[PDB]
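What follows is one structure encoded as structure tokens, with my remarks underneath.
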Amino acid sequence: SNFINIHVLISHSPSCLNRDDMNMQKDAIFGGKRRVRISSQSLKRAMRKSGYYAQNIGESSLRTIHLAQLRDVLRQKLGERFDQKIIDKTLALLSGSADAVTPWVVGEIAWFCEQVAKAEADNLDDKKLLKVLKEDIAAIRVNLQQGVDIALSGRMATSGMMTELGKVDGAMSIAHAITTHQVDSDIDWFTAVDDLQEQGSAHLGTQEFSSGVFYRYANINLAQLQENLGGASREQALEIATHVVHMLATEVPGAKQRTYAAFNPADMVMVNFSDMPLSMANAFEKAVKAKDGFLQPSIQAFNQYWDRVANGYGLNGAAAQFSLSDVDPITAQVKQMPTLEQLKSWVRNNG
Amino acid sequence: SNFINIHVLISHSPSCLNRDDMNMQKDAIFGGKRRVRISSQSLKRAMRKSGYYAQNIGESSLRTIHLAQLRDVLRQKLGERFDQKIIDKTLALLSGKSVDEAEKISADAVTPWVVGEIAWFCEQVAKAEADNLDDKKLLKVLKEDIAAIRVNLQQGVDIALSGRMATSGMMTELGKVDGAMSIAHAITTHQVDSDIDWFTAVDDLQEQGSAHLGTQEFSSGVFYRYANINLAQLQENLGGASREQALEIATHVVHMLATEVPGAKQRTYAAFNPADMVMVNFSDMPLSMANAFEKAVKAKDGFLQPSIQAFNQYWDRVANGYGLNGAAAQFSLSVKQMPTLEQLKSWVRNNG
Amino acid sequence: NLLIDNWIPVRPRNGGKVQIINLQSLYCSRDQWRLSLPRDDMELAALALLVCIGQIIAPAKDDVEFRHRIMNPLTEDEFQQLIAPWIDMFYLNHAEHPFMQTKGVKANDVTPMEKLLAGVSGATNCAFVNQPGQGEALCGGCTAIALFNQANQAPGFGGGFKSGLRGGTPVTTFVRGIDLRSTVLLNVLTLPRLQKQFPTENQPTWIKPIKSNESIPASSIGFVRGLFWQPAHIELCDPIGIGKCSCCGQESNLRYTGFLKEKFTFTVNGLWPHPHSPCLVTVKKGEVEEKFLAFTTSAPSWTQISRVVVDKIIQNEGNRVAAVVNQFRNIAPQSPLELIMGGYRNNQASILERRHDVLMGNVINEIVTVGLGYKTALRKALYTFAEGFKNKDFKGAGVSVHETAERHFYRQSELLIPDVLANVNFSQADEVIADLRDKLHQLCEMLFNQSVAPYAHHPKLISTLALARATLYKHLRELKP
Amino acid sequence: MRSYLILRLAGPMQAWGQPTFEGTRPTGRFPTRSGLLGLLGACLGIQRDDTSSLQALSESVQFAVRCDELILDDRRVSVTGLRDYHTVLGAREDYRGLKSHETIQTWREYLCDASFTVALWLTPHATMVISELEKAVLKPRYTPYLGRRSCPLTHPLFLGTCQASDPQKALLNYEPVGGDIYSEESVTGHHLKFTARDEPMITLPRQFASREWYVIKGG
Amino acid sequence: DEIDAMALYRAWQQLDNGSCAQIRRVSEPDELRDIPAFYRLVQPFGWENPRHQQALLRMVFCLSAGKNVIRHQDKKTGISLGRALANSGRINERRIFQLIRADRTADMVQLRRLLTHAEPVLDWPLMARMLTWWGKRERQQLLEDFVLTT
DNA sequence: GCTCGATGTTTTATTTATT
Ligand SMILES: [Zn+2]
């Protein structure tokens, strides 16, 4: 299959992990009922800026892209629109035996080739060209040393990219996190006591906060990941996928965490392969009612939903489920995992 | 490891340690059930104002919005070290507010101040105007080295642990501190239906009946305190302290989190209970155990035993599942077995 | 030259491919055209430009000739006759008097065309959210249109740049015809009404320039000087070769790539009687004051029927219709009247919103009326909450809740509209309108509760809150027949 | 009778655009023509610079959207709207270089509890065949989503295939029946029209020309 | 289908001294399940049907405040409970806050205490509807009526 | 390559109910 589906159930203690311009908890109406929400961008940032990400994705081995090795395939690809003089001049001034090439690299380099061609036509060179294109070159260089970050998460907010081909979507897609149950949020009426004020406090306020059993969903386009890694292998893509699983299972937005401290890990992590990526959010369309907590009924509802619809929805294919609870499991079609690591290794070996 | 995780299970006899706008107990919905709550700000202020904190860590910062009263205080304290003018201008530079002789001068918001930090600052201001250096360039120069100012935060550790922001004045650029620690609201491990006390106030000049009839919410509870110290950040916020100093501070935080209880209604409910269970754990990234109590602890010869048991079970589930192997010591009383809190504290002092 | 060459972007009323025609082909044929551009607001700017041109080159002498010219196109001869001196007034690239430009602009850098494209730039999120390079090469037509739109509808570039005579961001209100020609002719004042409207220096601001830091009585501006007013110092750069217009995607021989601008202030005391915008009449002391209508805190607009929303807001809420509309009323009082309307909502120099209905029965009017009814209910309720919030010495966004709630209202109700439109007919009208009433009642309750939500557990505000909600229901009660 | 391809667009949140050049990213009530062309274009491996096959898809396929009310426990659930306060840290200040703003703001509208059923057919001079479109929606190359990448699908894109006279009958074959249908092809007893500006001007990247749906109400 | 609240009111009103005395000494609503007189009181008003059970527990508690504490007074909507509590002029606003913020069973105790203090004159079937539902909306409404009246 | 500072414009709608 081409897609990796990652499903996570994770329970948070009383906190406020994502708010709006009125400092109110982000929410969403699902199944006619209010669910507390953690926005996709907040979750994905929580991943992308994390230390784990920086160590395993940021400092990856396929990180650096060498323009040297890319000379030939570039030479043909752009060879139809540009001639080898301009191509090699461009490549050499940028840098100062590869099979395929990442599309955004081809695009940006092609733009640079347009620029140097138009630079030769007008009759110009030297520090003139190298001052007009100083910032641009700096940009493309910094990006050329961040290939895995760009392949997985997409180009940064301020990238320097200049072509339609340089609009790099991430390989991973992260849905908004929503609670599996209805939530009426709590209010914290707080005071700020002045050490110089005898009567009363110096400030008064309220803070909205709530517990919640969240359902995170994310999927990974393997093909696109390989292709954006310069034609890497399925296995390397599966390593990256392993990392994504880990982060989606452990990483939590730092919003309001200094004071509410909801540092909780996932109680359930499932991964399955498919040709069509699907969210199991409809397992909670009818809001989960609490029976000795919201966690167990949530996992149970997830399992029952999968058992009901997985066959018809064409979700046949490799599927593993790491879990901390002892709730009745899924169909036997899903391979049970006792540690997260065994699940990640299950992912490494193509399922 | 960079993170010190402090877990506390503490039982309180009937009391009311934290209430809201309508004098009712603070609570929180967890796992579909109501838990009594002690807010984190209450815990932090209870700690920073404690005798233990005063004896072992130092002076708590001075949090205020009243800049005039502050002006007067600083004048009274930094008077024999600086001339009044310099003190005034320094306050006026840090706050962004004009400090004259007004009866009432108000800052942008309640802000924590460290007297020593202010002293250092007005040293800098003195040496600034003496060298004919205007205020903007002074801001640049001071912006070039923030560690010193953070050693001035060594004189106000609660700001190094809990943080500080300012929206106006040079503080905006220089006093921006991200808290080192991190702490959760204390919630009970079980469902609570709070009791109500129907009381009367008897008048000694009124033979017939009472002079006041009223109600007061209260309850018993087995609270779960959690607090991890970030450590590298504690070193940064203290101006570049050693890991030993940060570890010792963390130790004091363990002792306080284990023993300190807000004074709310304690002169009439007196729930002076120490923690029955305390556990400290070193880890690469923070880990809270609140999901041990997501399913509310059902009573069984008390709420405390099943709470501790549930805590241990979930701890093992998490450690086995995520393969966590950071050093850990538990002190129990009902991973380590700590006959005494002191052994656990020394164990923490010694990097685990 | 706009009056001679092809620049008008059109496509047949119910036809296909876009072609570019000239003013004569428009004025002298029974061909049904409609403007065609990637942007509704640029279409409105185009129509506005054509209406102004027609207003200065061929005012009908009476209502009879007005109707006559509408039902019957001119001959080419009459057209040329009508356009000659005005031919001389309309040149994009000229020696001394370029169209709406100022020769001899002193500027260090060349301003990109994106600054003329009303929303492409102006804010930071603009750089983040918009497609880049929309204004790298603009044809002549797009340039003229953009200049006009910047002179009338859009806010100034920034500090030291002045806005139109109608203020920064005004709403433009035109009478809608069957095709383009008819629309242009329909929004042209007859000579008598033209005189009654403008009772002076009747020369363009790019021929007889404005003096720096001068005071100008509005009464001293000719109608062609005002209709083609130009408040900032702009001067196009030399064009480039044959290629695609980065704005409309069409091919063109001349494409402009940048311009020169400079700061230039003055003062126009009083209000110029512009015939293309409705206004608000306030009585202050004993004097009658007028202010042109603008999308201030919200831009009232439903899909499909925004023009009806605006029309009803002008008709019912002391708003006075635009001059061209008043004229059309007086010429054909028994005739139905639908608008072509447009405007922006803006933070200072940054556009925040665009609402534009440019297209070429009683049930819909009823629907709009109902909608606005519930809107007003909510706004009065939350303004009660707002004032109560202010008077209680509270600070924060508690005061401006009614505005946000209004905007939100328009959005959610717009989610409601398409089904309503789909089920409307003679027999079902009353039921779909009843259901609409229920839905809007619920939506008002929701938006009230939502806008008030951040002020829970504020014991004082209870008084305020109470009153507020009561007010809501009062009005809601008054909306059920 | 012609061959139709029936699709399903369900998920907790969706986003179908309206004209904008601002931080506000608005949503319509039902899927936009350009949005659908983009969904299909994502199922196929079409890059953003491949204007050729982009135009081929645009000139091969026409749509018909039906709005499906969510029924839960015999109770109807109405489609709600959602406003997302979406900020961006370190957003590009200009279209080149590396200078950035500290924080910028956007406001993005979503549809909640929304679900649609799309009917798809071929123009008389189409290039592709519904077979390969079926293969595409069964095994997409790029990740398909409902408007925005943060909007996953909870039901498989493929719902079915059938033959029929008009899109209304084809859609009649698939529950839940009764939703309002917005089609690019007329239908006898119905004359309503829904103007919109979502016909993607392709030769002019990211631009939009006007067009009109044929509105056909449900019983 | 709907509980005849006035019939329950008159029923409670002409109840013998004994049965009444037995229902009165209850200290929380659920304890009414221990009193046979309660069942004999509410049986004709649909007690053997659960929804009615909860509603009737609340109603009969509030009535158990005493025979002469809730004065029914016909409509001229009718005097709501909040309005009545305010009209008494005995009840502090803070107590109304503490009432509407309270949780299950506690809310009924506090309400009965309030009723005992105010001795309110109100439209009883109205309050009966309120007690039937008693959601968050009803409690907020209680508070806001009370405030608007003062 | 910037930070500086003066500067283009313009706002107001209320005020007692009862699922
Ligand atoms: Zn053009």
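So basically every Cβ, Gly included, is an ideal-geometry build from the backbone, and we count neighbours across all protein chains shown. All of the numbers you see were taken from the coordinates with simple rules; none came from a lab.
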Worksheet item: Can you tell me which residues in the stretch B:98-126 are surrounded by fewer than 17 Cβ atoms within 10 Å (Cβ to Cβ), of a type in the set (D, E, K, R) and not in a loop (DSSP other than H, G, I, E, B)?
Response: B:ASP108, B:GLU123
Worksheet item: Looking at the stretch C:265-275, is at least one residue among the polar types (S, T, N, Q), away from the ligand (no atom under 16 Å from the Cβ) and either within 14 Å of chain D (Cβ to nearest Cβ) or more than 29 Å from C:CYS142 (Cα to Cα) (or both)?
Response: yes
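Residue by residue, here is whether (1) of a type in the set (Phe, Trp, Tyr); (2) over 30 Å from A:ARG48 (Cβ atoms); (3) part of a strand (DSSP E or B) holds:
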residue: D:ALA91; (1), (2), (3): no, no, yes
residue: D:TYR95; (1), (2), (3): yes, no, no
residue: D:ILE104; (1), (2), (3): no, no, yes
residue: D:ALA126; (1), (2), (3): no, yes, no
residue: D:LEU146; (1), (2), (3): no, no, no
residue: D:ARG149; (1), (2), (3): no, no, no
residue: D:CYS162; (1), (2), (3): no, yes, yes
residue: D:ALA170; (1), (2), (3): no, yes, no
residue: D:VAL177; (1), (2), (3): no, yes, no
Worksheet entry | Some residue of the stretch E:24-34 being of a type outside the set (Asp, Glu), surrounded by 15 or more Cβ atoms within 10 Å (Cβ to Cβ) and over 18 Å from E:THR105 (Cβ atoms) | no
Item to complete: Just need a number here: residues in the stretch E:57-87 that are within 14 Å of another protein chain (Cβ to nearest Cβ) and not in a helix (DSSP H, G or I).
Response: 2
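Please determine whether any residue of the stretch B:250-259 is under 21 Å from B:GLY221 (Cα atoms), among the aliphatic types (A, V, I, L, M), exposed (fewer than 15 other Cβ atoms within 10 Å of the Cβ) and out of contact with any helix residue (DSSP H, G or I) (no Cβ under 7 Å at 6 or more places or on another chain). Lay out the reasoning, then the answer.
The initial filter retains those residues of the stretch B:250-259 that are under 21 Å from B:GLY221 (Cα atoms), namely B:254-259.
If we keep only those that are among the aliphatic types (A, V, I, L, M) as well, we get B:254, B:256-258.
Restricting the remaining residues to those that are exposed (fewer than 15 other Cβ atoms within 10 Å of the Cβ) gives none.
Looking for residues that are under 21 Å from B:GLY221 (Cα atoms), among the aliphatic types (A, V, I, L, M), exposed (fewer than 15 other Cβ atoms within 10 Å of the Cβ) and out of contact with any helix residue (DSSP H, G or I) (no Cβ under 7 Å at 6 or more places or on another chain), one finds none in the stretch B:250-259, hence no.
Please state which one of B:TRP120, B:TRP113 is of a type in the set (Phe, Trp, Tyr), within 27 Å of B:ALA180 (Cβ to Cβ) and in contact with a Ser or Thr (Cβ under 7 Å, 6 or more places away or on another chain). If you could, list the steps in order and put the result at the bottom.
Details: B:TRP120 fails: in contact with a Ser or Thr (Cβ under 7 Å, 6 or more places away or on another chain).
Criteria check complete, one pass: B:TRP113.
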Worksheet entry | Flag if C:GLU251 is within 14 Å of another protein chain (Cβ to nearest Cβ), farther than 26 Å from C:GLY342 by Cα and either more than 21 Å from the chain's Cα centre (by Cα) or within 16 Å of the ligand (Cβ to nearest atom) (or both) | yes
Worksheet entry | Extreme residue, nearest to B:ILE308 (Cα to Cα), among residues of the stretch B:342-352 that are surrounded by 17 or more Cβ atoms within 10 Å (Cβ to Cβ) and of a type outside the set (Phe, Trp, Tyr) | B:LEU344
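Return yes when C:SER246 is within 25 Å of the chain's Cα centre (by Cα), away from DNA strand F (no atom under 12 Å from the Cβ), among the polar types (S, T, N, Q) and closer than 30 Å to D:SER210 by Cα and no when it is not.
Numbers: within 25 Å of the chain's Cα centre (by Cα): yes; away from DNA strand F (no atom under 12 Å from the Cβ): yes; among the polar types (S, T, N, Q): yes; closer than 30 Å to D:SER210 by Cα: yes.
Yes; evaluated as a whole, the condition is true for this residue.
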Discussion item. If I ask for residues that are within 14 Å of D:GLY45 (Cα to Cα) and within 16 Å of the chain's Cα centre (by Cα), which ones from the stretch D:107-144 would you list?
Written reply: D:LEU133, D:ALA136, D:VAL137, D:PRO140, D:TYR142, D:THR143, D:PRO144
Item to complete: Would you mention how many residues in the stretch A:203-241 are polar (S, T, N, Q) and over 19 Å from the mean Cα position of the chain (by Cα)?
Response: 5
Practice prompt. Mind listing whichever residues of the stretch C:228-243 are in contact with a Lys or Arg (Cβ under 8 Å, 6 or more places away or on another chain) and either acidic (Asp, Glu) or within 14 Å of chain D (Cβ to nearest Cβ) (or both)?
Written response: C:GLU235, C:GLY243
Discussion item. If a residue must be farther than 30 Å from B:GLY352 by Cβ, assigned to a strand (DSSP E or B) and of a type in the set (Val, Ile, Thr), how many such residues does the stretch B:197-248 contain?
Written reply: 2
Item to complete: Determine whether C:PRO231 is under 23 Å from C:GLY167 (Cβ atoms), more than 16 Å from DNA strand F (Cβ to nearest atom) and assigned to a loop (DSSP other than H, G, I, E, B).
Response: no
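Just checking, how many residues over the stretch D:42-83 are among the charged types (D, E, K, R) and closer than 27 Å to A:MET161 by Cα? If you could, list the steps in order and put the result at the bottom.
Keep residues of the stretch D:42-83 that are among the charged types (D, E, K, R), which gives D:48-50, D:59, D:66, D:68-69, D:73-76, D:83.
Within this subset, residues satisfying the condition of being closer than 27 Å to A:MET161 by Cα are D:48-50.
Of the residues in the stretch D:42-83, 3 are among the charged types (D, E, K, R) and closer than 27 Å to A:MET161 by Cα.
Would it be correct to say that E:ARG90 is surrounded by fewer than 20 Cβ atoms within 10 Å (Cβ to Cβ) and part of a helix (DSSP H, G or I)? So that I can check it myself, show each step before the final result.
Values: surrounded by fewer than 20 Cβ atoms within 10 Å (Cβ to Cβ): yes; part of a helix (DSSP H, G or I): no.
Spelling it out, it is not the case that E:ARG90 is surrounded by fewer than 20 Cβ atoms within 10 Å (Cβ to Cβ) and part of a helix (DSSP H, G or I).
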Item to complete: Return the total of residues in the stretch C:85-102 being in a loop (DSSP other than H, G, I, E, B) and farther than 13 Å from C:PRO204 by Cβ.
Response: 3
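Hey, can you tell me all the residues within the stretch D:74-89 that are in a loop (DSSP other than H, G, I, E, B) and at the interface with another protein chain (Cβ under 7 Å from one of its Cβ atoms)? Spell out the reasoning first.
We begin by selecting, within the stretch D:74-89, every residue in a loop (DSSP other than H, G, I, E, B); these are D:74, D:78-79.
Once the filter is applied, which keeps residues that are in a loop (DSSP other than H, G, I, E, B) and at the interface with another protein chain (Cβ under 7 Å from one of its Cβ atoms), the stretch D:74-89 yields only D:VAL79.
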Item to complete: Filter the stretch C:111-149 down to the residues that are within 16 Å of DNA strand F (Cβ to nearest atom) and at positive phi, then identify the one that is surrounded by the fewest Cβ atoms within 10 Å (Cβ to Cβ).
Response: C:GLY119
Worksheet item: Which one of the conditions (1) over 30 Å from C:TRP86 (Cβ atoms); (2) of a type outside the set (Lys, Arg); (3) crowded, with 18+ Cβ neighbours inside 10 Å; (4) more than 15 Å from DNA strand F (Cβ to nearest atom) does C:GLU287 fail to meet, given that it meets all the rest?
Response: (3)
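Do we have C:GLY222 as more than 16 Å from DNA strand F (Cβ to nearest atom) and over 19 Å from C:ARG166 (Cα atoms) here? Even if it seems obvious, please write down each step before you answer.
Working: more than 16 Å from DNA strand F (Cβ to nearest atom): yes; over 19 Å from C:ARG166 (Cα atoms): no.
Against the criterion (more than 16 Å from DNA strand F (Cβ to nearest atom) and over 19 Å from C:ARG166 (Cα atoms)), C:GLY222 does not qualify.
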Item to complete: Kindly provide the set of residues from the stretch A:6-57 that are more than 9 Å from chain D (Cβ to nearest Cβ) and within 26 Å of A:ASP275 (Cβ to Cβ), ordered by number.
Response: A:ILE6, A:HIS7, A:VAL8, A:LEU9, A:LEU43, A:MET47, A:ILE57
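So if I check each of B:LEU78, B:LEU67, which one is more than 18 Å from B:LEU153 (Cα to Cα) and either of a type outside the set (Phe, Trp, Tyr) or more than 12 Å from chain A (Cβ to nearest Cβ) (or both)? Quick ask: steps written out before the conclusion?
On the way: B:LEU78 fails: more than 18 Å from B:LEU153 (Cα to Cα).
Checking each option against the conditions leaves just B:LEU67.
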Fill in: Failed condition for E:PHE97, given (1) within 14 Å of DNA strand F (Cβ to nearest atom); (2) within 13 Å of chain C (Cβ to nearest Cβ); (3) over 13 Å from the mean Cα position of the chain (by Cα)
(1)
